[PDB]
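Peer 1:
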Amino acid sequence: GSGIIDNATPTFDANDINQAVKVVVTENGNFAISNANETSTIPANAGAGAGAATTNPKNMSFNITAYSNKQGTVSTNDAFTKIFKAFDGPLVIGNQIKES
Amino acid sequence: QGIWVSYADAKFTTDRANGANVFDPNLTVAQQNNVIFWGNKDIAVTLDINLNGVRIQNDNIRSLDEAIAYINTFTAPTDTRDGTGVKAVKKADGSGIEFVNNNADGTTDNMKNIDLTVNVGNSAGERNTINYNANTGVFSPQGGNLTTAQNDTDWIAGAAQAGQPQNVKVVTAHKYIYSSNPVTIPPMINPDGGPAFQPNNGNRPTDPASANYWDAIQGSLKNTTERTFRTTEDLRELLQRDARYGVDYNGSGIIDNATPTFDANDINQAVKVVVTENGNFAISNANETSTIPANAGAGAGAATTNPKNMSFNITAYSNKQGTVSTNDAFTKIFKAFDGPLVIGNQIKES
Amino acid sequence: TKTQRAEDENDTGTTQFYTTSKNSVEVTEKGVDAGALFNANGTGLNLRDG
């Protein structure tokens with residue numbers, strides 16, 4: 502809940518990072534998203550910092566709608582937004598894995 | 252393709268020193284000495300540890316049983332993290348932990364046998380003076396904080412300052428793998444045909460068939476190395492090898508460095524593996540004792556071994572992150588052996 | 202991640218196989234136009250344009 506504040510002057514953060522996240526496609530055809538409790542590392546000299554650094558995974562809360570431009574002619578495509586609409590709940594860190 | 256084959260269940264136990272005492276919250280002594288300690292409402296204990304490659308870490312421990320539960324949580328693989336298959340149990344003394352593994356689960360290296368580093372930390376390594384009262388409560392560490400694992404083996408029976416903290420390891424289940432190419436096998440002496448074993452006064456090297464027999468009576472076959480085969484006779488001879496010299500029945504363990512020695516016993520010489528004309532394999536465990544000629548090993552003289560009970564159990568091979576496919580039809584014909592084998596005249600068959 | 206060779210997807214060629222949970226050999230790692238996708242009912246999602 503930090504924010505860009507006026508000018509676009511990007512910097513390293515603690516954190517926006519949530520490295521352990523994974524997105525997979527199971528043979529069933531369902532998409533899958535997982536949030537491992539495991540920590541990660543950032544090799545030097547990526548960023549910031551000059552040395553190695555480690556990140557704690559953070560909780561996520563997916564929520565999904567549909568695209569539509571202002572004063573535009575694009576039509577909403579509900580059937581697709583549904584197969585993705587499956588993800589709308591909270592995802593606490595843990596062994597559970599949501600699917601489309 | 253191949254098959255995991257355990258001859259006996261993996262086992263290990265924490266090892267209290269005889270001079271130690273269990274923590275005693277009931278008594279009011281101003282300061283308990285070198286008592287073992289497993290956390291308290293007042294005091295957390297860390298327990299950094301890594302068994303079978305799955306690191307266990309926590310520092311909110313309040314009692315040993317919480318350690319038991321939290322360890323038990325890792326026994327099975329989850330959606331993500333690997334499971335160890337090892338099952339901790341409270342030690343009867345209330346002193347520590349009894350690790351036990353049925354190694355009948357899973358199909359990879361991590362699920363089989365027991366292995367256990369004891370990482371620096373281990374406030375659950377239970378060796379710290381702590382003190383009671385005055386007044387309300389309050390058990391406290393004697394000068395913050397509690398000591399860590401160090402180069403101990405806080406409970407492991409040994410010490411090893413060199414490098415990483417010392418780890419016991421104990422093999423009971425070997426693996427076997429087929430290959431189309433011809434495969435010769437290192438010959439060794441048998442106490443039946445193919446005689447014999449000339450001692451070479453003191454010094455080991457002798458003839459190669461006897462040389463392998465010399466090393467065998469150390470822990471050389473206790474190694475976790477993979478064992479290849481092709482022709483069936485390879486397989487029976489090799490199963491006989493491992494059955495005789497390849498298991499830690501005592502629940503002792505390799506402990507850190509690989510320094511093999513004679514044991515009483517890993518040996519179970521009377522075991523036999525045969526192929527009946529029906530085509531069935533057969534394994535037998537005679538009540539009869541055997542003898543070890545001088546100067547094999549250790550000892551310098553002759554020695555005799557009592558036969559010991561076995562408990563076969565069998566699964567299927569599969570490498571981590573690999574492409575080998577399980578071959579169930581073969582694992583079945585060997586799956587026939589899964590029950591216990593008490594010493595006696597009964598003979599199991601495939 | 203199985204075979205760790207780097208063969209990039211979307212080629213519409215170099216299709217690659219794997220033994221399945223049973224034993225049958227089948228296709229893996231192939232991207233699809235997403236304009237061809239159908240739901241469980243077999244109705245077309247009929248995604249288009251922007």
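Protein sequence lines, in the order shown, are assigned to chains A, B and C. If you read the first sequence in the authors' numbering, its first letter stands for residue 502, the second for the next number, and so on. If you read the second sequence in the authors' numbering, its first letter stands for residue 252, the second for the next number, and so on. If you read the third sequence in the authors' numbering, its first letter stands for residue 202, the second for the next number, and so on. Positions of the beta carbon are idealized from the N, C-alpha and C atoms, including for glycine.
Considering only residues of the same chain and omitting the five flanking positions on each side of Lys-559 of chain B, which have a CB-CB separation below 6 angstroms?
Peer 2: Cβ neighbours of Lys-559 of chain B beyond the five flanking positions: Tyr-500, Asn-519.
Peer 1: Please say whether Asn-352 of chain B and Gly-334 of chain B have beta carbons closer to each other than 8 angstroms?
Peer 2: Contact: no.
Peer 1: Is there contact here, the segment 423 to 433 of chain B with the segment 480 to 498 of chain B, by at least three beta-carbon pairs under 8 angstroms?
Peer 2: They touch, by the three-pair rule.
Peer 1: Check the Cβ of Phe-581 of chain A against every Cβ in chain C and list those closer than 7 angstroms, keeping chain order.
Peer 2: Near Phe-581 of chain A (Cβ distances below 7 angstroms), the residues of chain C are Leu-246, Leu-248.
Peer 1: List, in order along the chain, the chain A residues whose C-beta lies closer than 7 angstroms to that of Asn-240 of chain C?
Peer 2: Those are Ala-580, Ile-584, listed as they occur along chain A.
Peer 1: Quick one: using the 10 Å Cβ neighbour count with 16 as the cut-off for buried, is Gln-572 of chain B buried or exposed?
Peer 2: With fewer than 16 Cβ atoms within 10 Å of its Cβ, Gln-572 of chain B is classed as exposed.
Peer 1: Name the residue from A:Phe-588, A:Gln-597, A:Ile-594, A:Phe-581 whose alpha carbon lies nearest to the alpha carbon of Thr-244 of chain C.
Peer 2: Ranking A:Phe-588, A:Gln-597, A:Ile-594, A:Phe-581 by Cα distance to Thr-244 of chain C puts A:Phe-581 first.
Peer 1: Quick check on the burial criterion: 16 or more other C-beta atoms within 10 angstroms. Buried or exposed for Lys-231 of chain C?
Peer 2: It is exposed - the Cβ of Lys-231 of chain C has fewer than 16 other Cβ atoms within 10 Å.
Peer 1: Can you tell which of A:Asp-589, A:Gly-550, A:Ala-554, A:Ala-551 has its C-alpha closest to the C-alpha of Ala-567 of chain A?
Peer 2: That would be A:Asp-589, whose Cα lies nearest to the Cα of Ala-567 of chain A.
Peer 1: Please classify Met-362 of chain B: does DSSP put it in a helix, a strand, or coil?
Peer 2: Here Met-362 of chain B sits in helix by DSSP.
Peer 1: Please list, in chain order, the chain C residues whose beta carbon lies closer than 8 angstroms to that of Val-575 of chain A.
Peer 2: Within chain C, the residues near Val-575 of chain A are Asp-250, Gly-251.
Peer 1: Is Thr-540 of chain B a contact residue of the ligand MG, with contact defined as CB to any heavy atom under 7 angstroms?
Peer 2: The model depicted lacks the ligand MG and carries no ligand whatsoever.
Peer 1: Would you list, in chain order, the members of the segment 589 to 601 of chain A that have their beta-carbon closer than 8 angstroms to a beta-carbon of chain B?
Peer 2: If the cut-off is 8 angstroms between Cβ atoms, the segment 589 to 601 of chain A has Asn-596, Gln-597, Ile-598 near chain B.
Peer 1: Grab me the residues of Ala-410 of chain B's own chain with a C-beta within less than 8 angstroms of its C-beta, minus the 5 sequence neighbours each way, in chain order.
Peer 2: The residues are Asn-402, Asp-403, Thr-404, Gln-417.
Peer 1: Note down, in chain order, each residue of its chain lying with its Cβ closer than 6 angstroms to the Cβ of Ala-327 of chain B, except the 5 sequence neighbours on either side.
Peer 2: Here the set comprises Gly-334.
Peer 1: Measuring alpha carbon to alpha carbon, tell me which of B:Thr-380, B:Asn-386, B:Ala-400 ends up nearest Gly-394 of chain B.
Peer 2: It is B:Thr-380.
Peer 1: I'd like to know whether the C-beta of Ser-541 of chain A is nearer than 8 angstroms to at least one C-beta of chain B.
Peer 2: No, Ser-541 of chain A lies away from the interface with chain B (no Cβ there is under 8 angstroms from its Cβ).
Peer 1: For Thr-279 of chain B and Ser-569 of chain B, I'd like the C-alpha separation in whole angstroms.
Peer 2: So the two alpha carbons sit approximately 56 angstroms from each other.
Peer 1: Which residues in chain B sit within 7 angstroms of residue 445 of chain A, going by Cβ to Cβ distance?
Peer 2: With chain A covering only 502 through 601, there is no way to say anything about residue 445 of chain A.
Peer 1: Can you pull the DSSP bridge partners for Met-561 of chain A?
Peer 2: Answer is A:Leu-592.
Peer 1: Where do the ends of the beta strand (DSSP E) carrying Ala-554 of chain A lie?
Peer 2: Here the beta strand (DSSP E) through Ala-554 of chain A covers 554 to 556.
Peer 1: Let me make sure I understand the geometry here. Which of B:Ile-468, B:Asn-303, B:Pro-446 has the alpha-carbon closest to that of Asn-516 of chain B?
Peer 2: Nearest of B:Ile-468, B:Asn-303, B:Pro-446 to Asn-516 of chain B, Cα basis: B:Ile-468.
Peer 1: Which of the three DSSP states, helix, strand or coil, is assigned to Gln-491 of chain B?
Peer 2: Helix at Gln-491 of chain B.
Peer 1: Within 10 Å of its beta-carbon, does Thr-297 of chain B have 16 or more other beta-carbons around it, so buried, or fewer, so exposed?
Peer 2: By the neighbour-count rule (16 or more Cβ atoms within 10 Å), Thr-297 of chain B is buried.
Peer 1: Tell me which residues of the segment 382 to 411 of chain B have at least one Cβ-Cβ distance to chain C shorter than 9 angstroms, keeping chain order.
Peer 2: So the list is empty, because no residue satisfies the distance condition.
Peer 1: In this structure, does DSSP put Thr-566 of chain A in helix, strand or coil?
Peer 2: Coil, per DSSP.
Peer 1: Is it the case that the Cβ atoms of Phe-218 of chain C and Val-233 of chain C are separated by a distance below 8 angstroms?
Peer 2: No, these two residues do not count as a Cβ contact at 8 angstroms.
Peer 1: Please report the residue range of the alpha helix (DSSP H) in which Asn-463 of chain B lies.
Peer 2: 459 to 467 is the extent of the alpha helix (DSSP H) around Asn-463 of chain B.
Peer 1: In this structure, how does DSSP classify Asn-323 of chain B when only helix, strand and coil are distinguished?
Peer 2: Helix, per DSSP.
Peer 1: The alpha helix (DSSP H) with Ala-580 of chain B in it runs from where to where?
Peer 2: Run containing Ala-580 of chain B: 579 to 584, per the alpha helix (DSSP H) assignment.
Peer 1: Is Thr-483 of chain B helix, strand or coil by DSSP?
Peer 2: It is helical.
Peer 1: Quick check on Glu-317 of chain B: does DSSP put it in helix, strand or coil?
Peer 2: If DSSP states are grouped into helix, strand and coil, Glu-317 of chain B belongs with the helices.
Peer 1: So the beta strand (DSSP E) residue 224 of chain B belongs to, where does it begin and stop?
Peer 2: Missing from the structure shown is residue 224 of chain B; chain B here goes from 252 to 601 and no further.
Peer 1: To which residues of the same chain is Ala-587 of chain B closer than 8 angstroms at the C-beta, ignoring the five residues directly before and after it?
Peer 2: Result list for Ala-587 of chain B: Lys-599, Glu-600, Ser-601, in chain order.
Peer 1: Any beta carbon from chain C within less than 8 angstroms of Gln-308 of chain B's own beta carbon?
Peer 2: For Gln-308 of chain B, the answer is no, since every Cβ of chain C falls outside 8 angstroms of its Cβ.
Peer 1: Is it buried or exposed, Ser-225 of chain C, if we count other Cβ atoms within 10 angstroms and call 16 or more buried?
Peer 2: Classification of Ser-225 of chain C: exposed, given that the 10 Å Cβ count is below 16.
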